[PDB]
């Protein structure tokens, strides 16, 4: 009977929450028990969807959201079609304009330690990394932020509004520490 859950349900649009429930249950975690992961997964989802919305109509292939096996199917097809090494871990998008997988991150710490953590998690150099924070800062690999400043700004505004909403419901600190 958690209220982080009711907040996540009133804050994100129903297809985000449906996909997040799908993705957490697929990895054996309960949205109703670990509600703060739930919130994080909706946030990651929505940020990715805004990010794909940011380019031109054919620029991005979306990997997040899909079922793990079809996600790997599309990754495989992108590899065997483009000539890019199959990433060790499932990415988030593929940039046809820039010929590279994109890994998106949303951190409640700051830019840095998350960027280094993911970069050494991947450590295969090929796939692009792009992190945002709940405080408006951002970073992509090689200072190549991929999108134009206004789309990324829209993302940051959304992230800070979510932070504000959680804080006003006093859920922000608990979300921050985990």
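Residue numbers count along the first chain shown, from 1.
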Mean C-alpha B-factor comparison - 135 to 143 and 118 to 126, higher one = 118 to 126
Name the higher of the two by mean Cα B-factor in the PDB entry, 24 to 32 versus 41 to 49.
-> 24 to 32
Assert third(CA B-factor, residue 110) within chain per record equals highest
Among the modelled residues of its chain, the C-alpha B-factor of residue 68 falls in the third labelled middle
Relative to the other modelled residues of the same chain, rank the CA B-factor of residue 95 and answer lowest, middle or highest third.
-> middle
Sorting the chain's modelled residues by C-alpha B-factor, tell me whether residue 15 ends up in the lowest, middle or highest third.
-> lowest
In terms of the CA temperature factor given in the entry, to which third of its chain does residue 175 belong: lowest, middle or highest?
-> highest
